[PDB]
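Next up: the same protein chain in two forms, each one alone, written as structure tokens (structure 1, then structure 2).
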Structure 1
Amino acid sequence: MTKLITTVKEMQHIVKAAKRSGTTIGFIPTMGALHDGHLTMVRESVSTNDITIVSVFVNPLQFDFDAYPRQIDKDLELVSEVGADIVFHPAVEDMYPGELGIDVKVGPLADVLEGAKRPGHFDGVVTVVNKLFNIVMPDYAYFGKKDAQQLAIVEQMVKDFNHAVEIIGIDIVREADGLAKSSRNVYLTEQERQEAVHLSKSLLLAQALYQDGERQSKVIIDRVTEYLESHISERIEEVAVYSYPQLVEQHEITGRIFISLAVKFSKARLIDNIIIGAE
């Protein structure tokens, strides 16, 4: 019983006439080919919002293009089963009628972590997210916390443009024992599998430090690098700590931080991360 809206005009009309009656709106922006990481988002919205809208749009500005998987049929059902009310599914031509006369580029945050690894990739994300927020007009918008760089960029845009939208970040779905779900987990030998549940722990035990005092980069970091090498053999490809939402590295921290792990196993290198604090 979930509607599928294929035009911007219609979507605005619906939402416009819906707000003129105190009904709230939750919004989950996506590119389709939906999985459980998404439903976790739609569920949270449906429990704390009158109507939930899920958009499925493969955005050409963050990419040849028409090869990307498209199953609006299945996406709608997956989403319909969890309560979602509408699936906004506009055509490229409807969202980008012609050439853009105004351009949106993200500054600093676009270089942080891996900047030149895809310059202009985030320019394409904020451009659509910005349009989607003006089309759907949600009260809450839900973004995965896994791509913290994206969440910060998005939060930065809601602030700079003064969007009256509350940005809610949902935690990555994990495996029963704490392991981060990943397509590459399947290439783990039985021993490696359990020998990897330690990433899921060298993290939740690293927030214990922050939790009661510890606030020095080199100390909170090293405390981890030791924990890992202690419980595994595979080389620790990376263990970095950045401030958040600033995402920069600094000898000592002020606000929340972002930790990014990278253990290179046999035939597959896993990654994991989190951000802790509140300010």
Structure 2
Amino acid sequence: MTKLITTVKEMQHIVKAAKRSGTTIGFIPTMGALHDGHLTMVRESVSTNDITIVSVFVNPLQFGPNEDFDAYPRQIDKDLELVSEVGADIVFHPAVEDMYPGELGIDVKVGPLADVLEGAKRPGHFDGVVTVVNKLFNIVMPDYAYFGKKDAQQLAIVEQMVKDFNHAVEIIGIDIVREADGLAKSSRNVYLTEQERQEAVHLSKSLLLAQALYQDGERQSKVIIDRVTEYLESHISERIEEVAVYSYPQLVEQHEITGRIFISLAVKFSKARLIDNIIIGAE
């Protein structure tokens, strides 16, 4: 019995009334094709907030010319069903023209945090992310917004935006939800051929390896990177786009580990470009 709100105007009118009353709002922004990674955040919100809102919007601004915008899975009826069973109050599913009624007269761009890793590999991608997340925060006016550590760089950037723009929103980061074999859940996994689906499991395996090496005491980035790379290269035939060690959330490449870092991966299959990571350390 989850309500489907289709326009920005109706969504905002609902939230303004809720905000001016004492009702706490939980928000989970998504691009649809929901999986248990998304649902885990929804369940969290439903057990903590008065109302939980889930947005389903494939944001064109965060897709590059040669990426998968046209093939991105779109299944609102199912998403709506999956959300209903969790107990979420509303699913916000706006039209593209409603979100972007015309040429933007103001532009938002990410600084240094987007000059490395995914930001360097997908130029402008995060500018598109912060643009739509900023709008969604103003449309839904949540007290708590949930994001997955699956997109670690994204998380750090959204946090920076919340700080820089003074959004009265507390960001909650959830750990990576994985399939039974370890594969990090992602709507894009549907792009995987029955073969790639098997090879793709090695991203997580390689991270388990990285974790064990770190656990035993290894702190030289190059040693971990080489072991992880060597492993992947002997278990997958796809092209490995990235195997890096950066401080987190600062995003400064580390050669020797003495603080909190995240070991991230990027692998390009036929059409599915998957990513995974592990955030570890204290400082």
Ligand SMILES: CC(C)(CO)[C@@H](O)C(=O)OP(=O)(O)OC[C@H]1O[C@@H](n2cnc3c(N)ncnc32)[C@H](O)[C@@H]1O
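For numbering, take structure 1's sequence and count from 1. Rigid core: the largest C-alpha set superposing within 1.5 Å between the two forms.
Query raised in the report: Is the form deposited with the ligand bound shown as structure 1 or as structure 2?
Result: It is the second structure (the form deposited with the ligand bound) rather than the first.
Query raised in the report: With the two forms superposed on the core, which of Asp85, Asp139, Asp123, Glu192 shows a CA shift of 2 angstroms or more between the two structures?
Result: Only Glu192 moves by 2 Å or more at its C-alpha.
Requested in this report: For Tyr227, decide whether the Cα shift between the two structures is 2 Å or greater, given a superposition on the rigid core.
Outcome: Where the cores coincide, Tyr227 still shows a C-alpha shift between the two structures that is 2 Å or more.
Query - Rigid core superposed: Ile72 CA moves 2 Å or more between the two structures - result: No, because once the rigid core is superposed, the C-alpha of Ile72 moves less than 2 Å between the two structures.
Query raised in the report: Would you say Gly178 moves between the two structures, meaning its CA shifts by 2 Å or more once the core is fitted?
Result: Passes the 2 Å threshold, so yes.
Report task. Keeping the rigid core fixed, work out how far the Cα of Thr254 travels between the two structures, to one decimal in Å. Result -> That residue's C-alpha is offset by 7.4 Å.
Requested in this report: Can you read me the CA shift for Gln216 between the two structures, rigid core superposed, in Å?
Outcome: Its C-alpha position differs by 8.6 Å.
Query raised in the report: So, with the core fitted, how far does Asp111 move at its Cα between the two structures, in angstrom?
Result: Between its two positions, the C-alpha of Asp111 lies 1.3 Å apart after core fitting.
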